[PDB]
Amino acid sequence: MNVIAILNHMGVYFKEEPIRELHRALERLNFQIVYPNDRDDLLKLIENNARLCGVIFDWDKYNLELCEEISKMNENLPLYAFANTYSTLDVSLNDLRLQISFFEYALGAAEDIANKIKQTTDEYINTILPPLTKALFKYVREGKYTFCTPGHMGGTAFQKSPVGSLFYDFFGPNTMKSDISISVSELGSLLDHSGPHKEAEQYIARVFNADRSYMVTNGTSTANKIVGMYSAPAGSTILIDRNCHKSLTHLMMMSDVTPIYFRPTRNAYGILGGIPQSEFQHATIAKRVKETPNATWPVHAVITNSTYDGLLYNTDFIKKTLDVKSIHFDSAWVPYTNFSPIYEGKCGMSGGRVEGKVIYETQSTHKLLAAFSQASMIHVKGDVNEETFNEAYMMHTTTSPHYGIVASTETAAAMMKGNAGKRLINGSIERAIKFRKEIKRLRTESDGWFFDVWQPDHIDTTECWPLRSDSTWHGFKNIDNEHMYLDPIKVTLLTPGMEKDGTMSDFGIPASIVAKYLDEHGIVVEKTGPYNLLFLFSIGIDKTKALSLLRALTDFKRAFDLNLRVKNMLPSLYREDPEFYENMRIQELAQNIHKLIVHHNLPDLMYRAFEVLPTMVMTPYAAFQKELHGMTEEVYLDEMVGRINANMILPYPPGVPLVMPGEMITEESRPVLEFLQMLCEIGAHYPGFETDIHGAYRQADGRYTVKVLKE
Amino acid sequence: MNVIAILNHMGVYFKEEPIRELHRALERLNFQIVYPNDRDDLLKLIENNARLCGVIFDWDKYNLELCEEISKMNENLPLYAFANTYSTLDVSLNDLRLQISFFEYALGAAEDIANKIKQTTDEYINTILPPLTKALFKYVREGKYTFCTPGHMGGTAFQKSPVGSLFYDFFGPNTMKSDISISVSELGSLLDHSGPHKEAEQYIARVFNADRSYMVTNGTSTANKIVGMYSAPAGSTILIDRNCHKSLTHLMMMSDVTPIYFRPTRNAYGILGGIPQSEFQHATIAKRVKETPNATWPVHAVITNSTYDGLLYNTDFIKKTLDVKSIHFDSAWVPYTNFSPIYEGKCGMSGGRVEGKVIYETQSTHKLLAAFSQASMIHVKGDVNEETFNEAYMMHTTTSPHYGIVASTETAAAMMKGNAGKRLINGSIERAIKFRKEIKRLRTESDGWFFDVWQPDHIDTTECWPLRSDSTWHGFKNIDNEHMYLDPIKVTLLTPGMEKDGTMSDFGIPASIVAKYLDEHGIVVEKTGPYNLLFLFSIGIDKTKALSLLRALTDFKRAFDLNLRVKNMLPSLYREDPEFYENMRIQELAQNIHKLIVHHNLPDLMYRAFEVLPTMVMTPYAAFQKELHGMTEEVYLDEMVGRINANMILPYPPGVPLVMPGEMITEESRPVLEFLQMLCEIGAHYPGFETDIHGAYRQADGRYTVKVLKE
Amino acid sequence: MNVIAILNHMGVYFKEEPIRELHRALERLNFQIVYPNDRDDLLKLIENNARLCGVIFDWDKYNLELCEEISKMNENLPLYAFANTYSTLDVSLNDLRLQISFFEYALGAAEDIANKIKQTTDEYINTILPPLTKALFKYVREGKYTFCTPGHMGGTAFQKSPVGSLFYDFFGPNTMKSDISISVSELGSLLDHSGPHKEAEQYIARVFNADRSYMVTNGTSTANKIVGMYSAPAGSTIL
Ligand SMILES: Nc1nc2c(ncn2[C@@H]2O[C@H](COP(=O)(O)OP(=O)(O)O)[C@@H](OP(=O)(O)OP(=O)(O)O)[C@H]2O)c(=O)[nH]1
Ligand SMILES: Nc1nc2c(ncn2[C@@H]2O[C@H](COP(=O)(O)OP(=O)(O)O)[C@@H](OP(=O)(O)OP(=O)(O)O)[C@H]2O)c(=O)[nH]1
C-alpha cells in the first residue's frame with residue numbers, strides 16, 4: 001500500500017511548485033508517486049491498482065469530476081484536496097462516502113503535508129483490516145513472548161539447521177512469526193471464541209448474513225461433520241442428498257444414523273440436476289420413512305447447493321416446504337452468494353429466520369474466495385444450543401489451530417465487505433458472462449464444428465438464469481419450474497458428440513481429449529464428463545486467464561482440424577506410450593474413443609445406473625463396524641450382485657457416489673453393475689484413458705475386484 | 001544458503017591471486033564471502049551459521065586439521081580443496097563422509113570454478129531437502145497451472161483487493177504460491193498416499209523409527225481419533241489413561257465404547273506420576289472388566305507418555321506386560337525421542353515389533369519439533385489393515401490439505417535426520433542440564449531463599465534420570481523401580497512453600513506470582529501448580545533465551561526481597577484492579593495467597609480429590625447422546641452429589657481431568673466436590689487469581705454451576 | 001536471442017508507466033529493448049533481426065494489424081499482448097499460428113512479467129532448436145564427465161600449453177566443450193542411430209521429404225560411396 005496519484009498541469013507556479021515539493025517529501029517517506037493524464041486515466045489507475053492509496057488534486061478543478069466516481073470504487077480511499085480561497089462544497093457531495101483532507105498551496109509545507117498523508121494512509125490501512133488479522137500483524141511487528149509453543153518460536157528453531165534454514169528462507173519471517181498459539185494472550189482463543197476471535201466471528205457473520213459464524217481450520221470436510229454431529233443423535237434418521245461429498249459419507253460412517261436419500265435428477269451428459277420438488281414434500285418423506293427399517297421422522301437434512309456444475313436451488317421453496325427442524329446446505333462451491341443480489345433466494349442464508357428451524361451453510365472459503373487451504377466457515381441462521389454446538393465444534397477442532405488459516409478466513413470477509421466486495425464479485429460474474437458470449441459468437445463465426453456453452457439460448461440478462469420446462473438447453477426432462485438456476489460463474493463447455501435428444505452424433509470429440517490438450521498448455525479442467533468441461537470463473541480468474549483459455553480452445557479446433565499427429569499435439573499423452581501413439585492422428589483418437597463410447601452405450605448406461613438406488617441392507621455406520629471387525633473380503637466386480645458393499649463406489653464419470661457402504665446391488669439395481677463393468681471394459685483400450693472407479697481395484701490380469709462384507 | 005568461507009594467508013602470489021579472483025567471481029554469483037582467521041574460527045562459523053554452504057582451503061595446509069571435524073558437524077557440506085602437485089589422500093580420511101571437489105590454482109579459472117561451486121551448492125541443497133518439500137519449492141519456482149483451486153491462485157485474487165493486497169504483502173509470494181491443491185499432479189496426493197507424498201511418508205517413518213507414518217494436518221487432537229476409531233469398534237472396551245488429553249475424552253464421546261481407566265499417581269505438589277506397574281497386569285485388568293458393566297477384555301489401550309512434567313515410562317515393561325493387542329502412546333510432548341539414546345526403552349517406537357501387538361505413537365510435531373501449527377504424525381509399529389486404517393485416516397482428514405503444514409511435517413523429519421539432528425537434540429538436552437545446574441548453584445550462592453529444581457540430588461550424568469523408591473526428591477510414595485524416568489528437557493522449578501514431608505512451610509511464594517512476574521517480562525510459563533513452574537527446553541530455546549530466563553528469576557528474587565509495590569513490580573496485575581492493588585506490596589501478596597492455600601488445605605484436598613474416582617453411571621458416549629437430546633440442566637456445584645455430569649470437569653490446579661461426562665460424585669467420591677468447592681472459595685479473594693475450573697460456571701452472585709443430566 | 005520490441009505512445013499513464021517499469025525489469029534480465037515507431041517499423045525490425053525474440057504491444061491497438069503479418073514471418077515468435085477490459089479475439093485469428101501471452105497493465109507487476117518473458121524466451125529457444133543440437137548445448141552448459149575422450153577434455157589439455165592456449169582462446173570454450181564422444185551417453189550414438197541421434201535423423205527426414213536420412217561427416221564424397229557400395233556388388237553393372 002504505497003502508491004499515491006497526483007493529478008495535474010495547473011499553469012501557475014504558486015500551485016505547481018508546492019506540488020513538486022510534495023512529490024519529493026512523499027518519496028522520502030517511501031511512497032511511489034504516479035501522474036495520471038486526466039480524470040479517466042486516474043480512474044483506470046485506481047481500478048487496476050489496489051495499492052494506490054491516495055489521490056492529490058486541485059479541489060475546484062476536479063471535485064465534481066472525481067468524487068462520485070471514486071466513492072463508487074472505494075468508500076475509504078484518502079483524497080488530498082488542495083483548496084482555493086473560494087473553494088466550496090457542492091450539494092451533490094452530501095450523500096457520498098468520501099475521506100477528504102483539505103490542504104493549501106504553500107512553499108515549505110510539503111514535509112508536514114507528507115506526514116499527514118502518511119498518518120492518513122495508516123488510518124486507511126487500519127480501517128480496512130479486520131480485527132483479528134490486524135491484531136496478528138501487530139503482534140508479529142511488536143510482540144516478544146518466549147518459552148512458547150510452536151516449538152519453532154517464530155522460526156528460530158529452523159535457523160539452526162541447514163535444511164531448516166532453507167524452509168525458513170522460503171516462507172519468510174512474517175509467515176514463521178505469525179505461527180503462534182494461545183500463549184499470545186492478546187489474540188484471544190479460537191476454541192474459547194474470545195478476544196479478537198470473537199470479534200472476527202461477529203465480523204464474519206455480518207459480512208456473510210449469518211446469525212452466528214464459526215471458523216473451521218480443517219476444511220468443509222470437517223465443518224460438515226460438526227454440523228452433522230450436533231444435529232443427528234444416535235438412533236436418528238437424516239435426509240441426505242445422494243449427490244453428497246465424501247465427508248458426509250464419513251459422517252454416516254462415524255454416527256449411528258439411518259440415511260434416507262434425496263434423489264437428484266441428471267441429464268444425458270451425466271450432469272447432475274436438482275433434487276425435484278416432490279422430494280421435499282411431507283408425503284414423499286413419510287412414505288420413505290415407512291419403507292426404511294428403523295427409520296423415524298428425519299431430524300436433519302443435508303442438501304448440496306449449488307451442484308458442482310453450478311445449479312442453485314430455490315432455497316425459499318426448500319425452507320418453506322421441508323418439514324425438518326435442521327436444514328444444512330453444503331455450500332462449499334458457492335461461498336460468495338451473499339455478495340450479489342443475483343443469488344437472493346438461492347442460498348441457505350438468504351432471507352431471515354425460519355420459525356422452528358435452524359438453517360446452516362458450510363462453505364470452503366479457500367475454493368471460491370481467497371483464503372488458505374483448510375479455511376472453512378459454518379454459518380447459522382436460527383437457534384442452536386450454544387454450549388452443545390461448541391462441544392461438537394471442539395470435537396473436530398484442534399487445540400493448536402493455525403493462525404494464518406484463521407486470519408485468512410477473517411480476511412476473506414474483509415475482502416468481500418462493501419463496494420470493493422460487490423465489485424470483486426460483479427467482475428467475476430461479468431467476465432464469466434463475457435466468456436460465455438464469446439463461445440456463442442465463435443460458434444457462429446468459425447468454419448464447421450465448435451464448442452458450445454451449456455446455458456440458455458439467450459443470456460441477455462445478468463442473473464442466475466432459471467431452468468424452464470419449455471427449454472431444451474439444460475437436458476432435464478419435465479423439470480420443476482422456479483426451482484433451479486444456473487450460476488453464471490460456473491461455465492460448462494460442450495464438445496461435439498451428443499444430440500439435443502440425448503442421442504449420439506456420428507461425429508464426436510470426447511471431452512477427455514480437450515482436457516489433455518488444455519493440460520499441455522497449463523490449463524486445468526476442474527471437472528470433465530464424456531462431452532463436457534467445467535471452468536470456474538472465480539475472482540482469481542482475470543481477463544488475461546479468460547483470454548488464454550479462449551485462445552487455447554480456438555487453437556484446439558485449429559489443430560484438430562489439421563489432424564495433427566498425437567505425438568505433436570499431445571506430447572504428454574504420447575510419452576505415456578510412444579509405441580502406441582507413434583502414428584496416430586488426433587481425429588483418429590477422437591473417432592476411436594467416441595466410437596467406443598457409442599458402442600458401449602455409455603451415456604444410456606450411466607443414466608440408468610444412477611436412476612435406481614442400490615438397496616440399503618445396513619447403514620454406513622453398521623457396515624463400517626463390520627469392517628472394523630475384519631469382516632470384509634474381495635470379490636470380482638462381476639460377482640457383486642447380492643453382496644453387501646464395504647466401501648463407497650464412486651466412478652468417473654460422472655463423479656458422484658454410486659454405491660454406499662452397506663448397500664447391495666440387486667436385480668432392481670442391476671444397471672449399476674452393468675455400468676461399472678462397461679467402465680472397466682472401455683478403459684482397457686487407450687493409454688491415458690484408464691478406468692477410474694474409486695472402490696474398484698484393477699488386478700494384474702486386468703479384472704477388477706471390490707470389497708464386500710463376508711457372508 | 002549463500003555464505004562461502006575462504007580459509008587463508010599462503011605467502012605466494014600464485015595461490016593468493018587466483019583466490020582473489022574467485023572471491024570476485026563468487027560475489028558476482030551473489031555469494032557472501034567470509035574469512036575465518038584459523039581452523040577454530042572456521043569451525044565456530046560453521047557451528048553458528050547453518051547458511052554457510054561451502055569451504056575453500058588449501059588441501060595440504062588444512063585437510064588433516066579440518067576434514068574429520070567438519071564431517072562430525074555436517075556430512076554433506078561442500079569442501080573446495082585446492083591441490084598442490086604432490087597432494088594425496090591420507091588413510092585417516094577413508095571412512096569420513098565428505099563432499100570434496102578438487103581445484104587447481106590458476107589465473108583466469110575463477111569464473112569456471114565459481115560456476116562449479118554454484119552447481120555443487122544446488123546439489124547440496126537438493127541433497128538435504130526432503131522429497132515433497134523439494135517438489136513443492138520447485139513447483140513454486142517453475143509451475144504455471146491456471147484454472148486451479150485454491151481460488152486465490154498463488155495469491156492472485158488477494159492483489160485485486162486493497163485489504164487483500166496487505167494480506168498478500170504480509171505473507172509474501174512464496175507462502176501464497178505454495179498454497180496449492182491436487183491439481184498440481186506432480187506432487188501426488190496426501191489422501192491417496194501417492195507420488196512425493198508417499199516418498200514423504202516413507203522418509204518420515206525411516207527418520208522416526210516407525211514401520212509406517214501418516215502426516216496429519218489437524219493436530220494430535222485428530223491423530224488420536226484416527227488411531228482410536230480404527231482400534232476400538234462400538235461395543236468394545238478400552239483402557240485409557242485417566243491423565244488423558246481432552247481429544248481422548250472427545251474420542252470416547254464420539255465412539256460407543258466403554259472405558260476402564262489406568263490410574264496415575266501424584267505427589268503433594270500436584271504433579272502427576274506414572275500409572276503403577278500393577279495397573280498393567282492381567283489380574284488387575286480382569287478384575288476391573290468383571291466390575292464394569294458391559295465391559296469385555298480391552299481391545300485398545302491409551303497411555304500418555306511422557307507426562308506433561310517430563311515423566312517417561314519404561315515402555316519395554318508396558319509392551320511385555322500389557323496383554324492388549326493395540327497400545328497407543330499419546331506422545332504429543334515427546335516427538336524427539338528417536339533422536340537421542342537417552343530415550344531408548346522409554347518411548348512407543350523404541351526397539352522392534354512386539355509379537356501380536358500393534359504399537360502407536362501420536363506426536364505434535366509443532367509442539368516440540370519445528371513445524372507449523374496443526375502438524376502431527378501417527379507412527380505405527382506392527383501390522384494394520386492398511387485399507388481400513390486409511391478409511392479412519394480419511395474420515396478425519398480434509399480433502400483440501402494445507403501443503404505448507406504437510407511440507408513442514410516432512411521438513412521436521414529432514415531436520416532431525418543424521419548428525420545435524422543428533423546435534424540439535426543433544427544441544428537442547430545440554431542446555432536444559434546447564435540451566436538445571438545453574439539453578440542449583442544460585443540456590444547455594446544466593447542470600448536466603450531461592451528457587452529449586454524438581455530433580456535428583458545429583459544430575460552428573462546425561463540420561464533420563466530414574467525415579468527410585470530410595471529417593472525422596474520426586475515425592476511419589478512407594479514407587480515402582482525401573483519404571484519412571486525424568487526427561488532432562490522438561491524443567492520443573494519449585495517455589496518456597498512446602499516441606500520435604502509434603503507439609504506446609506511458614507514462608508511461601510505461590511508459583512502464580514512468579515508466573516505473573518515472568519509474563520511482565522515476556523516469558524511464558526507452560527504450566528504452573530501451587531508451588532511449581534514448568535519450562536520446556538526445546539530446540540527453539542537457545543542460550544540467549546535460557547540466560548534471559550535465569551536473569552528474570554534472579555530479578556524476581558531481587559525485587560521480591562526489596563518488597564516493591566505490586567503497582568511497580570506487577571503493573572499488568574495492578575491494572576486489573578488499581579484500587580485493590582494501590583498500596584499492596586509483593587511480600588504481602590505472596591503471604592496472603594500462601595496463607596489462603598494453607599488455610600484451605602489445598603494440597604491435601606487436591607491429592608485426595610484425585611485419588612478416588614467418580615462412579616461411571618454411563619459412558620461418555622451415552623452421556624453426550626443425552627446432551628444431544630437436550631437433556632441437560634444446570635445445578636449449583638454444591639448440589640452435584642448424586643447427579644450425572646454432562647461435561648468434563650478439568651480444574652487448574654492440577655490441570656488434569658477430574659470428572660468425565662457420564663460420571664457421578666457419590667459419598668465415596670465426595671473429596672472431588674470438596675476440592676472443587678475449595679477452589680471456588682480460594683479464588684474469590686484476589687483479582688487476577690480467579691478460580692479456573694473448566695466445566696464450572698461463575699454466576700453473577702459468585703456461586704458456581706455445573707451441567708448435569710436431567711432426572 | 002535477447003532483443004525485445006515494445007511498440008508504443010498510448011496517451012494514458014496507467015498503460016505507459018507499467019511499460020516503463022517492464023523496460024527496466026527486462027534490462028535487468030539482460031534483454032535489449034527496441035522501440036519501433038509503428039507497425040511497418042516493427043515488421044522491418046523482425047525481418048532484419050533474427051535475434052528479436054519477443055514483441056510487447058497493446059492488444060486492441062495492434063492485434064488486427066500485426067498478428068497475421070507476424071505469423072507469415074515466424075510461427076513461434078512470442079507475442080506479449082496487453083489486454084483491456086473488453087479485449088477479445090477476432091475470428092480472423094482462428095487459423096493463424098501465434099504464440100501469445102496476455103498481460104494486464106499494473107504497477108509493480110513488471111518483475112513477474114519480465115520473469116514470464118524470460119521463461120517464454122527459453123521455451124521459444126527450446127521449440128526452434130532441433131533435438132540433438134539442443135541436447136549438445138545443454139550438455140556443454142551442465143555436464144561433468146571426466147576420464148573421457150577426446151583426450152583434450154573440453155579443451156582442458158589445450159590450456160596447459162602456451163600454443164594450445166592460443167588455439168583454445170581462438171575457438172573458445174563452447175567449441176572446445178562441444179567436441180565430445182559417445183561417453184556422453186545422453187546424446188546417444190551416431191553409429192547406433194540411438195537417442196537424440198535417432199531423433200535428429202527422423203527430424204531431418206521429415207524436413208527434407210525423405211523416408212530415412214543419414215548424417216554423414218566426411219562430405220558427399222563419402223555419402224556417394226555409402227550409397228554406391230550398398231547398391232553395387234562386385235561383378236555388377238552400374239549406369
Ligand atoms: N461505520 C460507518 N458506516 C457507514 C457510514 N456511512 C455509511 N455506512 C454504512 O453503514 C453500515 C453500518 O450500518 P449500521 O446501521 O451502523 O450497522 P448495522 O447495519 O450492523 O446495524 C456500514 O456497513 P459496513 O459494516 O461498513 O460494511 P458494508 O455493509 O458496507 O459491507 C456502511 O455500509 C459511516 O460514516 N460510518
Ligand atoms: N546415501 C548415502 N548414505 C550414506 C552414505 N554413506 C553413509 N551413509 C549413511 O547410510 C544411510 C543409508 O543406509 P542404507 O543401508 O543405504 O539405508 P537404510 O538404512 O534405509 O537401510 C544414510 O542414512 P540417512 O537415511 O541419510 O539418514 P541418517 O540415518 O544418517 O539420519 C547415511 O546415514 C553414502 O555414501 N550415501
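Throughout, a chain's letter reflects where its sequence line sits, starting with A, and its residues are numbered from 1. Computation of the quantities below employed the complete heavy-atom set of this structure, encompassing side-chain atoms and omitting hydrogens, waters and symmetry-equivalent molecules.
The nearest pair of heavy atoms linking A:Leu628 to B:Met229 is CD1-O, 3.6 Å. Taking each heavy atom of B:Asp179 and A:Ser373 in turn, the nearest pair found is OD1-OG, 2.6 Å. Residues A:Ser183 and B:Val524 approach most closely at OG-CG1, 3.7 Å, considering heavy atoms. Of all non-hydrogen atoms in B:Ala234 and A:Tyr621, the two that sit nearest each other are CB-OH, 3.2 Å. Pairing each heavy atom of B:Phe171 with each of A:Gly404, the nearest pair is CZ-CA, 4.3 Å. Closest approach of A:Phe170 to B:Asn174, counting heavy atoms only: O-OD1, 3.1 Å.
Looking at A:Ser400, both its backbone and its side chain come within 4.5 Å of chain B, counting heavy atoms on both sides. Only the side chain of A:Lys707 comes within less than 4.5 Å of a heavy atom in chain B; its backbone stays farther off. In this structure, chain B has no heavy atom under 4.5 Å from any part of A:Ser247. Residue contact with chain B, scored on non-hydrogen atoms closer than 4.5 Å, is absent for A:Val299. Proximity to chain B (any heavy atom under 4.5 Å) is restricted, for A:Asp519, to the side chain, taken from C-beta onward. Using a 4.5 Å cut-off between heavy atoms, A:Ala407 touches chain B through backbone and side chain atoms alike. Only the side chain of A:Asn647 comes within less than 4.5 Å of a heavy atom of chain B; its backbone N, CA, C and O stay farther away. For chain B, no part of A:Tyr336 is nearby; none of its heavy atoms comes within less than 4.5 Å. Only the side chain of A:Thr133 comes within less than 4.5 Å of a heavy atom in chain B; its backbone stays farther off. For a residue to count as touching a neighbouring chain, one of its non-hydrogen atoms must lie under 4.5 Å from one of that chain's; by this rule B:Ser221 touches chain A with the side chain only. Looking at A:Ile405, only its side chain comes within 4.5 Å of chain B, counting heavy atoms on both sides. Using a 4.5 Å cut-off between heavy atoms, A:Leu166 touches chain B through backbone and side chain atoms alike. Looking at A:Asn385, neither its backbone nor its side chain comes within 4.5 Å of chain B, counting heavy atoms on both sides. With a 4.5 angstrom heavy-atom cutoff, A:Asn74 touches chain B only via side-chain atoms. With a threshold of 4.5 angstrom between heavy atoms, A:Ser178 approaches chain B through side-chain atoms but not through N, CA, C or O.
The OH atom of B:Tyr145 sits 13.0 Å away from the CG atom of A:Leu518 when rounded to the nearest 0.5 Å. If you take CD1 on B:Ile541 and SG on A:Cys148, they are separated by 8.5 Å, rounding to the nearest 0.5 Å. Annotation: the span from A:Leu251 atom CG to B:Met395 atom CE amounts to 10.5 Å, rounded to 0.5 Å. Distance check, rounded to the nearest 0.5 Å: OG1 of A:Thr146 to NE2 of B:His521 gives 11.5 Å. Note that CE of A:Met254 and CD of B:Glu391 are 12.5 Å apart. Values are rounded to the nearest 0.5 Å. Rounding to the nearest 0.5 angstrom, the gap separating the CE atom in A:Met394 from the NZ atom in B:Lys246 is 4.5 Å.
Using a 4.5 Å cut-off on side-chain heavy atoms (C-beta onward), A:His396 and B:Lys225 make no contact. With a 4.5 Å cut-off on side-chain heavy atoms, A:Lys545 and B:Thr156 count as touching. Within the 4.5 Å cutoff, the side chain of B:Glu526 has no heavy atoms near those of the A:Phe147 side chain. The shortest side-chain heavy-atom distance between B:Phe167 and A:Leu129 does not fall under the 4.5 Å cut-off. Counting heavy atoms from C-beta outward, A:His366 and B:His152 have side chains that stay 4.5 Å or more apart. Two residues are said to be in side-chain contact when any heavy atoms from C-beta on lie closer than 4.5 Å; B:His245 and A:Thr399 meet this criterion.
The side chain to side chain donor-acceptor pair (under 3.5 Å) check on A:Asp542 picks up nothing, with sequence neighbours excluded.
The neighbour count for A:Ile46 CD1, taken as heavy atoms of other residues, nucleotides or ligands under 6.0 Å away, is above 12. Heavy atoms from other residues, nucleotides or ligands lying under 6.0 Å from CD1 of B:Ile182 number 12 at most.
At least one donor-acceptor pair closer than 3.5 Å links the side chain of A:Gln374 to the backbone N or O of B:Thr217.
Tested against A:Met415 for a side-chain contact (heavy atoms from CB on, under 4.5 Å), the candidates B:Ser161, B:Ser165, B:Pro162 yield a single pass: B:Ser161.
Taking A:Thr149, A:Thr127, A:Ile128 one by one and counting their heavy-atom pairs under 4.5 Å with chain B, the maximum is reached by A:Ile128. Between chain B and the residues A:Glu47, A:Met176, A:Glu387, the most heavy-atom pairs under 4.5 angstrom are made by A:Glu387. Interface check for chain B: of the options A:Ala370, A:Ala420, A:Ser255, A:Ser364, the most heavy-atom pairs under 4.5 Å are formed by A:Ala370. When each of A:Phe137, A:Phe535, A:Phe158 is scored by its heavy-atom pairs under 4.5 Å with chain B, the top score falls to A:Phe137. Ranking B:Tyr230, B:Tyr124, B:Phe372 against chain A, the residue ahead of the rest is B:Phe372, based on heavy-atom pairs under 4.5 Å. When each of A:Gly219, A:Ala414, A:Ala371 is scored by its heavy-atom pairs under 4.5 Å with chain B, the top score falls to A:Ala371.
For residues 156-178 of chain B, every residue pair satisfying the salt bridge (charged side-chain N to carboxylate O under 4.0 Å, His left out) rule, not counting sequence neighbours, is listed here: A:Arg51-B:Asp169, B:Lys160-C:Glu104.
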